[PDB]
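Everything below concerns the one structure shown next.
Number of protein chains: 4
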Amino acid sequence: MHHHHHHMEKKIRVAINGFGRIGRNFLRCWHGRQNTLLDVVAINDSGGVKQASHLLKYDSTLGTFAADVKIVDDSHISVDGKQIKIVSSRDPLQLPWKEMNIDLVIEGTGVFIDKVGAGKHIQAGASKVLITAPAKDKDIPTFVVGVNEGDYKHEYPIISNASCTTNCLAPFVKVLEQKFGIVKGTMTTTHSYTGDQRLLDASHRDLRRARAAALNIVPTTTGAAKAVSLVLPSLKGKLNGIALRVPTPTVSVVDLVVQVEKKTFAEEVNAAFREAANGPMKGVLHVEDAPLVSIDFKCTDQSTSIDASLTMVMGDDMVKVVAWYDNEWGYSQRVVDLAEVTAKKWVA
Amino acid sequence: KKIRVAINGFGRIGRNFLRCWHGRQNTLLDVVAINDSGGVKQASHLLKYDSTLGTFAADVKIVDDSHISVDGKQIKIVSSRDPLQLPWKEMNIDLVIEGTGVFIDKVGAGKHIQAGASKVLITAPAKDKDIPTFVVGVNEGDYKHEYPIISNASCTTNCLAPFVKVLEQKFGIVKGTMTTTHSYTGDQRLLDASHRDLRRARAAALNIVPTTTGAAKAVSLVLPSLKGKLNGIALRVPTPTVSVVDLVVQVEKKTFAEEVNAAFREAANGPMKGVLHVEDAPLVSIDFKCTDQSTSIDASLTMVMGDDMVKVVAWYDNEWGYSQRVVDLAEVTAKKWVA
Amino acid sequence: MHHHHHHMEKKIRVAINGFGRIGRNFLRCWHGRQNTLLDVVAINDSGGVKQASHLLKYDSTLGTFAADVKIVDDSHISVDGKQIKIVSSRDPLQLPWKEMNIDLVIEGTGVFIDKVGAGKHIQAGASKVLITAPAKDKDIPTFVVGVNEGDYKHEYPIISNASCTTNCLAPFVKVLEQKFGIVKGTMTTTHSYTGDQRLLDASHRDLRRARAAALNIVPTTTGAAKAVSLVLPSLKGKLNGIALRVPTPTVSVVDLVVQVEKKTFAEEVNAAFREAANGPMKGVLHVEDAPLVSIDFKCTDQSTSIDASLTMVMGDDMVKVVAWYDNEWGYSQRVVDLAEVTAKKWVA
Amino acid sequence: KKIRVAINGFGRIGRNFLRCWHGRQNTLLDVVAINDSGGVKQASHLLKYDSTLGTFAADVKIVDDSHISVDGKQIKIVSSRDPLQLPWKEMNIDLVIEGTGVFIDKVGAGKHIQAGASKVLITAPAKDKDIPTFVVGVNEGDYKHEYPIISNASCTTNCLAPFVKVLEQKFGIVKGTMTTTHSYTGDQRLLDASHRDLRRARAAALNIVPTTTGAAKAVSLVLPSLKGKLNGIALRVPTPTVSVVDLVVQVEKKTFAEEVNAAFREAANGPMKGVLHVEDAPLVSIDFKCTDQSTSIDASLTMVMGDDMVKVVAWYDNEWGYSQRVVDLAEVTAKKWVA
Ligand SMILES: NC(=O)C1=CN([C@@H]2O[C@H](COP(=O)(O)OP(=O)(O)OC[C@H]3O[C@@H](n4cnc5c(N)ncnc54)[C@H](OP(=O)(O)O)[C@@H]3O)[C@@H](O)[C@H]2O)C=CC1
Ligand SMILES: NC(=O)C1=CN([C@@H]2O[C@H](COP(=O)(O)OP(=O)(O)OC[C@H]3O[C@@H](n4cnc5c(N)ncnc54)[C@H](OP(=O)(O)O)[C@@H]3O)[C@@H](O)[C@H]2O)C=CC1
Ligand SMILES: NC(=O)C1=CN([C@@H]2O[C@H](COP(=O)(O)OP(=O)(O)OC[C@H]3O[C@@H](n4cnc5c(N)ncnc54)[C@H](OP(=O)(O)O)[C@@H]3O)[C@@H](O)[C@H]2O)C=CC1
Ligand SMILES: NC(=O)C1=CN([C@@H]2O[C@H](COP(=O)(O)OP(=O)(O)OC[C@H]3O[C@@H](n4cnc5c(N)ncnc54)[C@H](OP(=O)(O)O)[C@@H]3O)[C@@H](O)[C@H]2O)C=CC1
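Below, the structure written as structure tokens:
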């Protein structure tokens, strides 16, 4: 009944450093949101407007972008008329983030993942950096939306959104820990290949990731099960696992085997997941009842799809859970989500 | 002294079996007949040329309308969908290798004996429970000549049972679960199409495809102390051969990875030599193609959590390694042959 | 200025026999049309409502159907509330087409492709059969939309929509013949694998199609270049070719080399194609100027996409043209189109 | 009598070259040095284990921090991105096999001679026109010891030139076009990523990928009568090795398929024995893996339209068959070695 303006949440100015699989999935995820607090104003692409526009528009995994993608001039593209600056520097110290008034950098290079490296963006003028990967520094806080994003504070200048596998695992591990308690467990992710692997046998520090990715099942170490304890500290020292990279281009599946404290059975485990999916983890955790295969989970927005018919309990307290995740697109929706959290908590 | 063998079902396992047999230094098996509905043209061609085994180095020829020859040795080719119609009495067949995936129960496999064979070796789990099952390196000393129909189990049970036997002896298994990440097989569809299993209906080279497995339960057929202790699942993936078992077990004796691996090495160097291998190099699936062992423990992947949760990862060539076990089990029947 | 009703074009009652790749692509193509003269009332699926609904909804090539797919009862599914009968007979003589008042059968089995076999549907009660494949009988008329569908007559009870490759070739061959004249030519299609090939080396009358399809380049004979003369009779005896099946699941590309009568150059050839694309072959023939790869042509509605930068002319009169086609989806749009022609010409 | 060889670039061609050389009965080549930036660990491992060639049967060992051994024969491993820094004077290197794809022009390849080598053989088309190009079976009799830098052309030109030589001799080529349906190579990306060529940027195992080829024009370097007569394109497809050339030519002499094939058989049985093969069996790409010839005409695919339009389809293992030609051309330099 009073004289007032309308509430304005402020949009933060975002730059994407590294316009790779995750950088380009992030842009399409953002562009498809009905409402956003993010204004993407800059992209660092070594190939300039030609490469940025082409690889944004045409995608072997996602299909052709329905949006109108145009080259505006020699340093701008537009997406449905919204212009975005293209910069091209390998050294973040050289990026114009002070001049462009950048609030948040999405670090999707896989290169600047510790405080010194990501901090170069802040030295260059940005206020905050969100690393799309596990941090290389123990003191960089890590967040998984659906698990611990309420512990985010505006006063963290550098943050990590963890790995795709940790974003799959941690929501349903949180449910297991809440309902049944975890003693210890192991995980194997059967994971699509990524650009870190080689197309044909070739140079790599990892002699297994050196091997032809579309021809092989390729074991590789993973920090993702240990990393769950960065977001669920009660799980410190309780989980470990491995990865098997296989000849698919996206979608992965986690197989977790945990010993729980409370004796249970498969229907009760699934009921705990369904309760979470319908409530506090809606949009992050899904329980799938149809008999599907990996490609059915392409471009799904949730972090975790429990394959309900595969849930198994052995000897009362050994619980096996199988969960699908689109390691590109679902993970990128979580990057958008965590960037939106930083916008919501931005301090005046 | 040698026994006369017919192969029924000249598919992936039937053809791997012939090439495995042909490469043996010494054998008590005389392969004399192959039932292939494509006749000499198809049998000769797919024996010689193989997308995963490569070209057979033997000279493969079409002799006449019902014989091929392999390095000069003639094999009769027959073509009947009905085993009752096969000439096994005429040809004095001792042993039928059942590689069709169809005649896997006691009535079905028994048709070969009705047609005149003496014994049938099913290259698969049997459907009914009174057909004895054997895994070479685990319980083949329990085979008896009086068994007219026997099973060599599945590829996954042949990989699992040898190293589960070691774990049970050394540490004691309380319970466990397994996943096999498994190459696609001919039961799955190339593009989405009719299948009684709606996941196996889906394009095999495009997908990770979950499917049931009987292999964790089947271990208890050859290792009775494992009754009720294991369960698991398969994930079929877009590779054409070589598979990998990931087993997680709770054990009685608290342990650590090096000690688990040491138990496997003792077995690989002794009583399971040739069946169980421990691999120390950092390899990938294709490196285990055409390996003769049933199981290759990937040593650097062994993990122990909380003292008594043991994770073991083991590779197996589900075509070639399994078919070497089929040859081995058939050789056992020859050694114990009486009548 | 007079008392009148509105014009009513009649919808023909359609049954799909063989709910395979082409049968299911046909249903989705039809369902996505803004306006149609086709009412799909029956599907013959050996697996009943469970298999028909599941494989309609979930598709490894097309992705998940956005439409609401439900099992209504033991012999009906619904798509966005529209109910469709599921029948399951291997012998078309046994299908209930008289009882269901079927106008047109889409024959997508690959089995009933000559007059006796397709004619079993007419004996069963249908009025017309459209074979989604080359006919096995020389006297069954063949049509390619964009080429000769004006020669269709209601009085043909059995018709063929030719093969996917002939639907790619014939529109742009028609342009070449019109503008430059064809002396003779050869073609190779580099073609996705199909369900006729084997997953691992296994039984087949064709010893090359016996071989593992996702591991190999697989030569196979093709009638598709000769078949162009069924729709363009001036080309009788002038074309032949081969197929190479490769490890992709859909989209194919035709490489045609023709000797022409009129001396020409690449830009002039492409200009003839662009004139056709913009005019009489709009929606059937497309000229693509971007540097794309096979998966960019997935789910494209045209029959033919000329890769303009690959057009080459050697020695004045040897013309090489490269054209992309989605052998499942584009072909199925042409099946819908040819069925719509039969509806338009239906005689009162 | 033997010449001392260094391999610069231990990639697919560098490693195929070593295995091809090692399998020769007789050789005038002594491979003494390999430049691999991953050192002995990487060079030994990727030489032993290979996703398309399979495991090397030779004993491969790490001797010390700068030597491996292959069946006991030691090879020095060096690691410099800059050829000027390589120890070729110290090691008395005669011939460098340039397998990097980088030092393919006269300045770049010349750095190995500046560093002390006498001769460089580029395993690729050269970038500038005064580097002589040779295809074994076509023009290697034109090689001269006085040429310090030579090219062995591309895999596609090695497949094309031998049978184009036969067509030109027997029928006369007026003009023609070619497409190669070619396995992916390491220049392409695994998933969509940066590339100067926006089609080679795209996921290689998911796509048919058009790309330019110099091979049809390059035939005129080794066969001057072909100047200006051919053009063509490549389609990269999701297979890891083996490729196929489809050539369509207008010829002078009217002919028919059996006569074209007969010309190829005459050449395969005579002056191109070992380089050109004519295949009569109905095979697929994997059957031509690890074949030693440069070209396998698929006889049943030869087609003649309108009397003078000839279509020929020829298979080639773009890794192994090409590397056997690299070995052959290096052996020619050894036979003609003076100083
Ligand atoms: N793919 C996945 O499934 C997931 C990946 N991640 C993580 O996301 C990050 C990126 O992975 P992904 O997108 O797959 O890899 P890509 O290789 O596709 O993307 C990496 C991008 O960074 C660019 N880049 C590299 N170095 C620099 C530099 N110095 N300056 C500017 N741009 C640079 C590359 O371009 P150029 O070619 O110009 O170097 C490329 O565009 C990694 O940390 C990865 O671990 C996280 C979750 C899931
Ligand atoms: N592939 C693997 O990894 C393993 C498979 N197995 C088991 O081995 C068996 C065969 O498997 P695989 O070789 O992969 O399958 P394939 O489909 O390759 O071989 C099956 C063979 O049986 C033939 N066949 C089918 N029905 C009949 C019949 N009525 N009379 C005669 N021949 C017939 C088929 O020929 P046609 O085309 O003429 O029907 C084909 O040659 C199955 O039981 C399978 O579970 C066991 C371990 C591993
Ligand atoms: N795929 C392609 O790219 C193109 C294919 N075509 C043509 O379309 C036709 C179908 O090809 P495609 O869809 O790929 O093959 P599919 O194998 O996917 O579909 C064949 C369908 O017919 C069913 N079927 C077979 N026999 C019978 C029968 N007696 N009664 C009822 N249903 C039956 C099969 O089901 P079941 O498993 O129950 O037998 C299956 O659903 C073929 O003629 C093909 O040449 C044309 C253009 C392009
Ligand atoms: N593969 C094929 O089918 C054929 C390829 N070729 C030609 O052969 C050459 C190599 O091709 P391929 O073997 O496929 O490619 P690879 O990428 O497999 O091998 C290239 C090798 O060169 C090394 N290398 C690159 N730069 C340097 C450098 N500055 N100093 C030292 N080593 C270096 C790479 O190691 P690092 O990772 O350390 O850079 C890698 O080992 C190219 O010219 C190609 O066109 C010819 C015929 C056929």
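Chains as they are written, first to last, in our numbering: chain A, 1 to 348; chain B, 349 to 687; chain C, 688 to 1035; chain D, 1036 to 1374.
Think of the CB as a built atom: it goes at the ideal place given N, C-alpha and C, for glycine as much as any other residue.
- Around the beta carbon of A:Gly279, fewer than 16 other beta carbons sit within 10 angstroms, so the residue counts as exposed.
- Here C:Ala977 is exposed. Its C-beta has fewer than 16 other C-beta atoms within 10 Å.
- Secondary structure at C:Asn788: coil, using DSSP grouped into helix, strand and coil.
- The C-beta distance from C:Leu972 to C:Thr998 rounds to 14 Å, too long to meet the 8 Å contact threshold.
- For C:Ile982, the chain A residues whose Cβ falls inside 7 Å of its Cβ are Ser60, in order along the chain.
- Using a Cβ-Cβ cut-off of 8 Å, C:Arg700 does not count as an interface residue toward chain D, since no Cβ of chain D sits closer than that to its own.
- Annotation for A:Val147 indicates a beta carbon at 7 Å or more from all heavy atoms of ligand 1.
- Between the C-alpha atoms of B:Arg429 and B:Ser385 there is a straight-line separation of about 7 Å.
- Beta-bridge partners assigned by DSSP to C:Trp1011: C:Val940, C:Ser992.
- Under DSSP, C:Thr852 shares a beta bridge with no residue.
- Rounded to whole angstroms, the Cβ separation of B:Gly359 and B:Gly534 is 7 Å, and the two are in contact under 8 Å.
- Note on geometry: alpha-carbon atoms of D:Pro1118 and D:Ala1150 lie some 7 Å from one another.
- Taking 8 Å as the threshold, the shortest C-beta distance from C:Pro936 to chain B falls below it.
- With a threshold of 8 Å between beta carbons, C:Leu979 makes contact with chain A.
- Within chain C, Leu886 have C-beta atoms less than 7 Å from the C-beta of B:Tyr532, given in sequence order.
- Taking each of D:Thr1062, D:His1057, D:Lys1205 in turn and checking the Cα distance to D:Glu1301, the smallest one comes out for D:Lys1205.
- Measuring C-alpha to C-alpha distances from D:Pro1273 to each of D:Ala1240, D:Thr1368, D:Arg1224 identifies D:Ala1240 as the nearest.
- The nearest non-hydrogen atom of ligand 3 is 7 Å or more from the C-beta of A:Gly81.
- Taking the Cβ of B:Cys638 as the reference point, every heavy atom of ligand 2 lies at 7 Å or farther away.
- Considered as a whole, the stretch 504–558 of chain B harbours no complete run of any alpha helix (DSSP H) with no fewer than 4 residues.
- A distance below 8 Å separates the beta carbons of C:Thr796 and C:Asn704.
- If you look at B:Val468, you'll find it in the beta strand (DSSP E) that goes 467–470.
- Under DSSP, C:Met1005 shares a beta bridge with C:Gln946, C:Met1001.
- Within the stretch 200–229 of chain A, the residues whose Cβ lies closer than 7 Å to any Cβ of chain B are, in chain order, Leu207, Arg208, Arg211, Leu215, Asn216, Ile217, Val218, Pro219.
- Around the beta carbon of B:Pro558, a 10 Å sphere encloses 16 or more other beta carbons of the protein chains shown; the residue is thus reported as buried.
- DSSP places D:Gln1109 in the uninterrupted beta strand (DSSP E) bounded by 1108–1113.
- Per the Cβ contact rule, the stretch 1074–1082 of chain D is not in contact with the stretch 1159–1173 of chain D (fewer than 3 Cβ pairs under 8 Å).
- B:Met620 is classed as buried because its beta carbon has at least 16 other beta carbons within 10 Å across all chains shown.
- Close partners of D:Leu1081 in chain A (Cβ separation under 7 Å): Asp201, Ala210.
- Contacts with chain B at 8 Å (Cβ-Cβ) do not include A:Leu232.
- Taking B:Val592 as reference, the option from A:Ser332, A:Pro249, A:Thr188 with the minimal CA-CA separation is A:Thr188.
- Within chain A, the C-beta atoms nearer than 7 Å to that of D:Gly1073 come from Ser203, in chain order.
- About 7 Å separates the CB atoms of C:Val1006 and C:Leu863; that is less than 8 Å, so the two are in contact.
- Contact note: A:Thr264 does not reach chain B at a C-beta cutoff of 8 Å; the least C-beta distance is about 14 Å.
- Where D:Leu1265 is concerned, the enclosing beta strand (DSSP E) starts and stops at 1265–1272.
- Closer than 8 Å at the C-beta level to chain C, one finds no residue of the stretch 268–288 of chain A.
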